[PDB]
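Colleague: One file is attached below, protein-v6.cif, containing mmCIF, C-alpha atoms; chains and numbers go by the auth columns.
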data_start
loop_
_atom_site.group_PDB
_atom_site.id
_atom_site.type_symbol
_atom_site.label_atom_id
_atom_site.label_comp_id
_atom_site.label_asym_id
_atom_site.label_seq_id
_atom_site.Cartn_x
_atom_site.Cartn_y
_atom_site.Cartn_z
_atom_site.B_iso_or_equiv
_atom_site.auth_seq_id
_atom_site.auth_asym_id
ATOM 1 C CA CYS A 1 -15.059 13.707 1.073 0.00 1 A
ATOM 2 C CA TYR A 2 -16.132 14.709 -2.416 0.00 2 A
ATOM 3 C CA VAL A 3 -14.110 14.941 -5.607 0.00 3 A
ATOM 4 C CA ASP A 4 -14.923 17.036 -8.672 0.00 4 A
ATOM 5 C CA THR A 5 -13.962 15.962 -12.200 0.00 5 A
ATOM 6 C CA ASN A 6 -14.341 19.444 -13.633 0.00 6 A
ATOM 7 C CA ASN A 7 -11.731 21.134 -11.474 0.00 7 A
ATOM 8 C CA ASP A 8 -14.239 23.808 -10.533 0.00 8 A
ATOM 9 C CA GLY A 9 -13.767 23.081 -6.848 0.00 9 A
ATOM 10 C CA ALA A 10 -17.473 22.317 -6.765 0.00 10 A
ATOM 11 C CA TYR A 11 -19.279 19.036 -6.216 0.00 11 A
ATOM 12 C CA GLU A 12 -22.347 18.436 -8.350 0.00 12 A
ATOM 13 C CA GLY A 13 -23.574 15.207 -9.898 0.00 13 A
ATOM 14 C CA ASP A 14 -21.379 12.132 -9.660 0.00 14 A
ATOM 15 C CA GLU A 15 -18.888 14.245 -7.749 0.00 15 A
ATOM 16 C CA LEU A 16 -21.208 13.675 -4.814 0.00 16 A
ATOM 17 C CA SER A 17 -21.076 9.897 -5.010 0.00 17 A
ATOM 18 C CA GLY A 18 -18.739 9.672 -2.041 0.00 18 A
ATOM 19 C CA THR A 19 -14.956 9.812 -2.057 0.00 19 A
ATOM 20 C CA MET A 20 -12.242 8.679 0.324 0.00 20 A
ATOM 21 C CA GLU A 21 -9.518 10.844 1.816 0.00 21 A
ATOM 22 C CA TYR A 22 -6.131 9.309 2.520 0.00 22 A
ATOM 23 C CA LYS A 23 -2.991 10.623 4.177 0.00 23 A
ATOM 24 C CA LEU A 24 0.191 9.861 2.274 0.00 24 A
ATOM 25 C CA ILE A 25 3.253 10.050 4.489 0.00 25 A
ATOM 26 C CA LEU A 26 6.726 9.561 3.065 0.00 26 A
ATOM 27 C CA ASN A 27 9.447 8.920 5.617 0.00 27 A
ATOM 28 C CA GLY A 28 12.813 9.074 3.893 0.00 28 A
ATOM 29 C CA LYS A 29 16.322 9.999 4.968 0.00 29 A
ATOM 30 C CA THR A 30 16.674 12.168 1.886 0.00 30 A
ATOM 31 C CA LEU A 31 12.966 12.608 1.270 0.00 31 A
ATOM 32 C CA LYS A 32 10.709 13.226 4.246 0.00 32 A
ATOM 33 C CA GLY A 33 7.279 14.814 4.053 0.00 33 A
ATOM 34 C CA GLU A 34 3.534 14.287 4.213 0.00 34 A
ATOM 35 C CA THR A 35 0.410 14.823 2.144 0.00 35 A
ATOM 36 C CA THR A 36 -3.176 13.773 1.542 0.00 36 A
ATOM 37 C CA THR A 37 -5.263 12.748 -1.444 0.00 37 A
ATOM 38 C CA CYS A 38 -8.882 11.830 -2.062 0.00 38 A
ATOM 39 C CA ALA A 39 -10.084 9.206 -4.510 0.00 39 A
ATOM 40 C CA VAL A 40 -13.300 7.453 -5.465 0.00 40 A
ATOM 41 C CA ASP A 41 -11.716 4.131 -4.584 0.00 41 A
ATOM 42 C CA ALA A 42 -8.693 3.155 -2.526 0.00 42 A
ATOM 43 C CA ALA A 43 -7.601 1.545 -5.773 0.00 43 A
ATOM 44 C CA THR A 44 -7.176 4.906 -7.458 0.00 44 A
ATOM 45 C CA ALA A 45 -5.688 6.488 -4.359 0.00 45 A
ATOM 46 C CA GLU A 46 -3.393 3.498 -4.006 0.00 46 A
ATOM 47 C CA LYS A 47 -1.940 4.040 -7.459 0.00 47 A
ATOM 48 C CA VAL A 48 -1.588 7.673 -6.459 0.00 48 A
ATOM 49 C CA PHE A 49 0.236 6.774 -3.267 0.00 49 A
ATOM 50 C CA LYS A 50 2.483 4.301 -5.045 0.00 50 A
ATOM 51 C CA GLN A 51 3.177 6.935 -7.673 0.00 51 A
ATOM 52 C CA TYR A 52 3.938 9.457 -4.954 0.00 52 A
ATOM 53 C CA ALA A 53 6.457 7.341 -3.082 0.00 53 A
ATOM 54 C CA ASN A 54 7.973 6.498 -6.447 0.00 54 A
ATOM 55 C CA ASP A 55 8.142 10.180 -7.306 0.00 55 A
ATOM 56 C CA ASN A 56 10.209 10.499 -4.151 0.00 56 A
ATOM 57 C CA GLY A 57 12.362 7.549 -5.149 0.00 57 A
ATOM 58 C CA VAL A 58 11.977 6.249 -1.616 0.00 58 A
ATOM 59 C CA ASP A 59 11.169 2.601 -1.017 0.00 59 A
ATOM 60 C CA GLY A 60 11.139 0.493 2.127 0.00 60 A
ATOM 61 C CA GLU A 61 8.411 -0.551 4.533 0.00 61 A
ATOM 62 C CA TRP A 62 4.929 0.327 3.335 0.00 62 A
ATOM 63 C CA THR A 63 2.287 0.441 6.043 0.00 63 A
ATOM 64 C CA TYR A 64 -1.315 1.587 5.861 0.00 64 A
ATOM 65 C CA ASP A 65 -3.901 2.032 8.589 0.00 65 A
ATOM 66 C CA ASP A 66 -7.497 1.741 7.446 0.00 66 A
ATOM 67 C CA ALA A 67 -8.348 3.093 10.877 0.00 67 A
ATOM 68 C CA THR A 68 -7.385 6.447 9.410 0.00 68 A
ATOM 69 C CA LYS A 69 -6.787 5.505 5.793 0.00 69 A
ATOM 70 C CA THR A 70 -3.182 6.635 6.034 0.00 70 A
ATOM 71 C CA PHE A 71 -0.052 5.241 4.427 0.00 71 A
ATOM 72 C CA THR A 72 3.518 5.606 5.631 0.00 72 A
ATOM 73 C CA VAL A 73 6.707 4.745 3.782 0.00 73 A
ATOM 74 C CA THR A 74 9.747 3.974 5.901 0.00 74 A
ATOM 75 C CA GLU A 75 13.111 3.981 4.168 0.00 75 A
#
Do you think you could lay out the structure here as structure tokens?

Modeller:
Amino acid sequence: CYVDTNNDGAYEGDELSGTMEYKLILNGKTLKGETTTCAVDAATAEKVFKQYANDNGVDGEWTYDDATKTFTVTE
């Protein structure tokens, strides 16, 4: 997965360094949904995932499977 830093939906240069796609799943009683995000490093995506769950205001059991680079939040 590639990520562009120009927002031109086109990969060219460092944008072709190699990114990582992750599936962010939020399981909440009041907030339930799913999504996906790509980042250069799981570190960046992590902060994105943590920011996402926080944006939902849902917190509980956080579980991630590197087998599919997917995170699920159980409230």

Colleague: Counting only C-alpha atoms, I want the residues whose atoms come within 8 Å of (8.1, -0.7, 2.0) in the file frame, returned as a PDB file with C-alpha atoms, keeping the file's coordinate frame.

Modeller:
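Here's the written file out-v6.pdb:
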ATOM      1  CA  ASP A  59      11.169   2.601  -1.017  1.00  0.00           C
ATOM      2  CA  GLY A  60      11.139   0.493   2.127  1.00  0.00           C
ATOM      3  CA  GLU A  61       8.411  -0.551   4.533  1.00  0.00           C
ATOM      4  CA  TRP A  62       4.929   0.327   3.335  1.00  0.00           C
ATOM      5  CA  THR A  63       2.287   0.441   6.043  1.00  0.00           C
ATOM      6  CA  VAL A  73       6.707   4.745   3.782  1.00  0.00           C
ATOM      7  CA  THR A  74       9.747   3.974   5.901  1.00  0.00           C
ATOM      8  CA  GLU A  75      13.111   3.981   4.168  1.00  0.00           C
TER       9      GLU A  75
END

Colleague: For region 40-52 of chain A, please output as a PyMOL selection string all residues within 12 Å (counting all atoms listed in the file; exclusion window: fewer than 2 positions along the same chain).

Modeller: chain A and resi 1-5+14-27+31+33-38+54-60+62-64+66+69-73

Colleague: Please report, as JSON, the centre and edge lengths in Å to one decimal of an axis-aligned box covering all listed atoms of region 4-19 of chain A with 4 Å per side.

Modeller:
{"center_x": -17.7, "center_y": 16.7, "center_z": -7.8, "size_x": 19.8, "size_y": 22.1, "size_z": 19.6}

Colleague: Could you tell me which of A:53, A:68, A:6, A:12 comes closest to residue 32 (chain A) if we count all atoms listed in the file?

Modeller: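 That would be A:53, the residue with the smallest distance to residue 32 (chain A).
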